[PDB]
Amino acid sequence: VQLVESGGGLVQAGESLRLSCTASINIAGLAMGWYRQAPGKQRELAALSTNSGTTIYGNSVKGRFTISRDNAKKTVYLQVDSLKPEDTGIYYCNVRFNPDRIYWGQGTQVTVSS
Amino acid sequence: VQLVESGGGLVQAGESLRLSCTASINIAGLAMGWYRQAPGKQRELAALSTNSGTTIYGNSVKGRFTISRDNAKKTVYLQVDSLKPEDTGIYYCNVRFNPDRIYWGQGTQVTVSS
Amino acid sequence: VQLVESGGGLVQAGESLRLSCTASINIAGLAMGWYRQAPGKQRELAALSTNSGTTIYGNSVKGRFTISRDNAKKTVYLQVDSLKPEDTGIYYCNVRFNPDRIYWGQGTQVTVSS
Amino acid sequence: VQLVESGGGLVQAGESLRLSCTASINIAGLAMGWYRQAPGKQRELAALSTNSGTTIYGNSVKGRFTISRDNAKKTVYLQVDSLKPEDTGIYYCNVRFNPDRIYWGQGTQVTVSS
Amino acid sequence: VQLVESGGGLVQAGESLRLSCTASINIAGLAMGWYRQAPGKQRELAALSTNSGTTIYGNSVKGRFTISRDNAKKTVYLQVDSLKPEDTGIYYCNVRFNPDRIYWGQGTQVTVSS
Amino acid sequence: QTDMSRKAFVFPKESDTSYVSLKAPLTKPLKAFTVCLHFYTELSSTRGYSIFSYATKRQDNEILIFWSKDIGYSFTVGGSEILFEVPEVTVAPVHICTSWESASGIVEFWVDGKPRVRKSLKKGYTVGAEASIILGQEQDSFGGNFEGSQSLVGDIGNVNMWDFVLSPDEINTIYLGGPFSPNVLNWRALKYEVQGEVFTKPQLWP
Amino acid sequence: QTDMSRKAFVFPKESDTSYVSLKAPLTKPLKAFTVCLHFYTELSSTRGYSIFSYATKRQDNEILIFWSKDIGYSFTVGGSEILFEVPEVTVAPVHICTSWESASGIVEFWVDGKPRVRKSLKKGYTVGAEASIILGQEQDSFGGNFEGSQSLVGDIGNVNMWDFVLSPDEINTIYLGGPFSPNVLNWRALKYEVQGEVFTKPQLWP
Amino acid sequence: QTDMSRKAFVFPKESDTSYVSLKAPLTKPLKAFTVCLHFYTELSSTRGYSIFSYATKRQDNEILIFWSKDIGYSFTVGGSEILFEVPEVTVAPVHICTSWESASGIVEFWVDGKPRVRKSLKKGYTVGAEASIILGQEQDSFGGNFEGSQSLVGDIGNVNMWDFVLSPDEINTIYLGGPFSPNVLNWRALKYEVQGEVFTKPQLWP
Amino acid sequence: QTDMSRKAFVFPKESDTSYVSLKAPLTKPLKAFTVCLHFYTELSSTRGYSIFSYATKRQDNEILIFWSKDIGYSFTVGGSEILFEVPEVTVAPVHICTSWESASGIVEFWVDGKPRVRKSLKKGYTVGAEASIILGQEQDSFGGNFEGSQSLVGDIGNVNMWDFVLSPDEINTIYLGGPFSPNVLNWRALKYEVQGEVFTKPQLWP
Amino acid sequence: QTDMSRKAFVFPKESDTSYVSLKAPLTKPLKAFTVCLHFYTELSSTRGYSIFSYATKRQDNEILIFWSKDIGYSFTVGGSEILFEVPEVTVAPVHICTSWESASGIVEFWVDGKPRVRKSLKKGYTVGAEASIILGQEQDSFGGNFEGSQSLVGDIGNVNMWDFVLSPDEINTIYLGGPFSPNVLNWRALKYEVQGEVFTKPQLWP
């Protein structure tokens, strides 16, 4: 029902980046994650944190980032590293409970300086 | 019986590219795809979109581009990315229904600036 | 109960590095090792030397460094090589005997000049 | 009993190259191929074209070049690409019918500008 | 009982190198080889030539060099290529007959200019 | 009151109009249940598809088994769900059994005759009685409001349900193909009504 | 009226002149059919080859089974086709059975004793009766106009056809090598005429 | 004095409050012992979990079997331990048997019916008699002071113990599931007391 | 007139002087033939070695089976050959059978009890009668002019030959080790003469 | 005069002081011999270890089986040796049999019930009679002068020796565990004397 994001694009090739998201709802029983939307293609899933002690990771980027699940608050983290040019695009983030109900986030764009 | 293409070459190393094709015929029951013809070698198949919910991809370039199947219109897309020097050459595109009948396209050349 | 470290950061991309640690206790029956703590993420284990004729290595960095187990003294070594940008961060080092008793070290930071 | 070659060295890193060979004999029932002789080492086999509908390729360079079998004439082709520094050396070419009878070619040298 | 070496360091990144060794003894029934001793770490085995028609190669560097077994004389060769920065260090060479008797060589240092 | 032994339902193409509907004689509020089924399709690498969809007046999805892209099986018993993970995907017929009870809230996802893990969910929730058990498309209402994206194309069969929690052995017998007595939905004796492009054919899977 | 049990046709080299032709006693318009065959070659990594080619007065390719480079098996029942995919290729003898019917338009590509998927095509189309069943090269006319590229080099045999749609069990028996009665083309009793360089030899494949 | 054949303890979620406690009739100072158990969880890729925890007045961890992240099994018989290594991790039920004696100090980590290596540790150390055998969380005191990080979520059972060192054959019979007589802790006849969220269910593992 | 059952010839080192020579009673011009043998060596990753070498007055290599570096088996029946490909190499004993006939020119390279492909070569060529069947080194003349590079080091045995073309079943029986009657070269009753460093030992291979 | 069936020697830690010594009744100069043994350790990835060490007055290493880092098994029958290669290493019990004779100089390294290659070495050399057969550490003198690097930590057993060259079948029976009569060193009836930290325990390996 609410969503807020914090992060910056315009990052150099290979360096790190810290993005964050917040909301007005507990995370208990809510798996939260990040999707990638590059030019063209389609909005795909970067990686998310399971409800109970697990973290799913997008196959395309293995060992790419960290889910950094927040508890008692709403602050998701990625810990970007080895930023390459292909990382440019929108990074959506959202929490979906049950199929057909995900309350899509707004996402934040990130560029890759060559 | 008809074919039209839109795209540009002279692309830098690693950047993206958006090509497109159109025709005067429905795509229902017509698998449409893209072939690559580099210097020498031979006209080979980059990747195509199956008739029903599938997309074949050339083994040489895995996760290279996207078929972006158009519906209700004729506008194929590739969403080039990580353009490397080897990508230089002609990119043919065509729709073949049944063997021995493919109505070969004209294709568009693309270069790779080093 | 005691711990001392020697090493330097500010290393160029790909070059080597020699770090070292000492303490006031025998190493017999004490497996000693090194953990990595990059920005964000979490303190993880780089590699350690088993008690008897074996050396565990972090999966992330295979063939990355050498444990160089000291005997009769306390002087652990890594023999860094092929230093890449991702190596930047704190490098903790410690000896743990039995779970719940590890007497955490202080660690030394190392940067990667691009 | 005869052999002629056409090609050039002094190629830049990664670019292509077209070499060719001719002779005074039909290719029917004669498997023709190319061998590599770098500094030191030994004359090894780059790749050849089988007598009937097949092309053997040197394991070292997979998907490196194309055999481009000539028919009705003697004009073998390689279609070099992604020329790297290790490619420097002599490139022998020959047709052998039966063991102990290969009528060794003269070969052509190729350098790699860094 | 005797040993002599010939080779040079100060090699550029990726280029080749030819080292050589000689002695006052036949090679029949003497497996001769090369070991690597980088900074720290330990003297390890690069690759050697078996007594009868085989050549063992160090796992770390696959397809790195060639043993070039000399016969009727003592002149071992490596045919270095794709020299990378990690190759810097001492390169020992020796012939061992039976365990506990190897008559260790003197070795030659080689650097890698970046 | 019809048998479907060695038969299976086939959905040829994707469409939000074709579907079958099954009826049950249940009268009491369900409190612990179990289900089992076999299915065969290849939509995994393309999109998400709905495997099993229940229905009730108050909630659109009382019980729902779905497949999420690059994620795997998702099982919802109400406003909550477990995210069962599958690393790799293959192409072959698949069996799936699941069970749940209100007293403890445990769940077991028996796949291909093997278990995964016990997990907890919605301890206390009581299920309804009236239902519209659709098959072919997920519904966001009492048997209506379908979206073509979730449509399934392929075939499915061997559906069976129980109002109790089976012990870990009867599941093995089910997997081996033995004779048993469902109490809610029985493949041996079933009532159904179908609309659109759906066909009945001998089960190609073994 | 000849038997070919344990025999197979061998095409030594590529050529657009050698081929065999089979005759059938069919008289009525085919509406649902099934075919089965075994073949063995290695042209996959080199070009495309024609496996089975039918013929009719009005249409060059009434029924056609072909192999497309890096694509896999292609099956046409007229002016339409399905693109069955094969990810990897090996070198060994291969069995292939297929079936189709006009009423429903379903198709099943049984490969090596295993099924792939049910798919829809050309529902309503009725097949002709007169045919020129060639084997060795695809034809773009009534038994003529061959192109050497599509020529097949290798061997083939065990060809059989039925005018009905077999149940999923008789296919297993075929795969195991049992006795059955084709009604259109029968390998046990067959009529044929061959031209060019083709030979008959004991089936090397098992 | 209760049986638990074909039963197992289930910990649904992570929590530092739920645990079971087992009592034994031992009276003499243990000098050589052996243990065996089966367990099933998936915490390996997330954190470290405690498998078996003993307790004594003087030392918090008399005997302790633990799992260290990316390291593997760790076995402590006092103020010392062996670091048994496991390269890869899978998801499936696991058996584990171990034995030790004071006279020689040898140890054997029988895993999945296979041995690893003989190793030496704490030759001379004598074990105590009074114990608080907890299961569910590692304790740093006599049955208290738990940390939620080490908590185990999953299921476990088949626990048994002996005061002697078994020969390399009875271990095989244990692995095959035969009848034997524990002398310290007997799964066939056991005494226990449980607190918190723990359940008893038929062993899903085979 | 000697038996060599369960015996094999061993060449210890590389040398162009050691070799065995076999004699046959053939009198008529060979027109179709078949051979079979077992061998075991490890020279594949080092150089090329000669497996079988025939000899005639007019042509140095009437029939010749050789191994080409990174290429595989090469089979010559005169001034022509087929290049049979082997992608990967292992270390273990190997069986190899081959057959050819002049009427058709077909060839079959049976390896390890499996076939590869039928191929055509030298249709019409008639083989000679007088021969110098050497084993150990390829010869470029009537039993002379050897080059040490082609020398074989290892062991070989089970050599047998026929003047007809075996059906695809007797090859299986040969592979399984049954009793049969060669008509040209018979391992059960053989005549030979050896020079240099060669030994006879029980076949280590199975 | 003692039996060791189902028993094995265990070396707990690395040390240059612990070792066992075996005595034999041999009186004549050995000319052809064979040995067999089983062992289990994990030092491969750390350093080189000595498996079997003989001894004589004139030469420190009359017969010696050793493991070289990243190289594999090394077998010396005097001042010469063969370098048997092993590409990959695993962790499990290992059997090894070897044989040699002076007349021919051939050698066979039977590993895990499989052969590798025949090779030549030291044809003519005659072995001595008096020996100090140590086990645990390689010696550079008559039972003395040990270096801790070569020390072995782990376990070993099943040692047996013969003064003849076994045929390729009795090796199989040995591998399967049958009853036979050694003539030099017999595990069934053996004489030995041990010093340092070594123990006797039931063979954990099968």
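Sequential numbering from 1, following the chain as shown.
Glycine is treated like the rest: Cβ placed from N, Cα and C.
Database features, via Swiss-Prot:
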type     : residues                             : note
BINDING  : F:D60, F:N61, F:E138, F:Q139, F:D140 : Ca(2+) 1 binding site
BINDING  : F:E138, F:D140, F:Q150               : Ca(2+) 2 binding site
DISULFID : F:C36-F:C97                          : disulfide bond
DOMAIN   : F:5-206                              : domain 'Pentraxin (PTX)'
MOD_RES  : F:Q1                                 : pyrrolidone carboxylic acid
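Least packed by the Cβ count within 10 Å, out of the binding-site residues F:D60, F:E138, F:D140, is F:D140.
Other C-beta atoms found within 10 angstroms of the C-beta of F:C97 (disulfide bond) number 22, with every protein chain shown included.
In sequence order, the recorded positions near chain A, meaning those of F:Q1, F:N61, F:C97, F:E138, F:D140 whose CB lies under 8 Å from a CB of that chain, are F:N61, F:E138, F:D140. Checking the binding-site residues F:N61, F:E138, F:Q150 against chain G with a Cβ-Cβ cut-off under 8 Å leaves no residue at all. With respect to their backbone Cα atoms, F:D140 (Ca(2+) 1 binding site) and F:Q150 (Ca(2+) 2 binding site) stand 11 Å from each other.
Residues near F:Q139 (Ca(2+) 1 binding site) in space but far in sequence (CB under 8 A, at least 6 apart, same chain), listed by position: F:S53, F:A55, F:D60, F:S132, F:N145, F:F146. Calculated from their C-alpha atoms, the gap between F:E138 (Ca(2+) 1 binding site) and F:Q150 (Ca(2+) 2 binding site) amounts to 6 Å. Annotation note: F:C36 (disulfide bond) sits in a strand segment as assigned by DSSP. Of the candidate recorded positions, F:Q1, F:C36, F:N61, F:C97, the one lying closest to F:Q150 (Ca(2+) 2 binding site) when CA atoms are compared is F:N61. Using a 10 Å radius centred on the Cβ of F:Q150 (Ca(2+) 2 binding site) and all shown protein chains, the other Cβ atoms total 24. Across the structure, F:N61 (Ca(2+) 1 binding site) and F:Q1 (pyrrolidone carboxylic acid) are spaced 27 Å apart at their Cα atoms. For F:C36 (disulfide bond), the count of additional Cβ atoms within 10 Å of its Cβ stands at 24 [all protein chains shown].
Cα to Cα, F:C97 (disulfide bond) and F:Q1 (pyrrolidone carboxylic acid) are separated by 24 Å. When the alpha carbons of F:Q1 (pyrrolidone carboxylic acid) and F:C36 (disulfide bond) are compared, the span between them is 20 angstrom. In this set, none of the recorded positions among F:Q1, F:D60, F:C97, F:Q139, F:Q150 has a C-beta falling under 8 Å from a C-beta of chain C. Each of the recorded positions F:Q1, F:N61 was scored by other CB atoms within 10 A of its CB, and the lowest score goes to F:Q1.
According to its DSSP assignment, F:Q150 (Ca(2+) 2 binding site) is helical. Following the DSSP three-state reduction, the secondary structure of F:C97 (disulfide bond) is strand.
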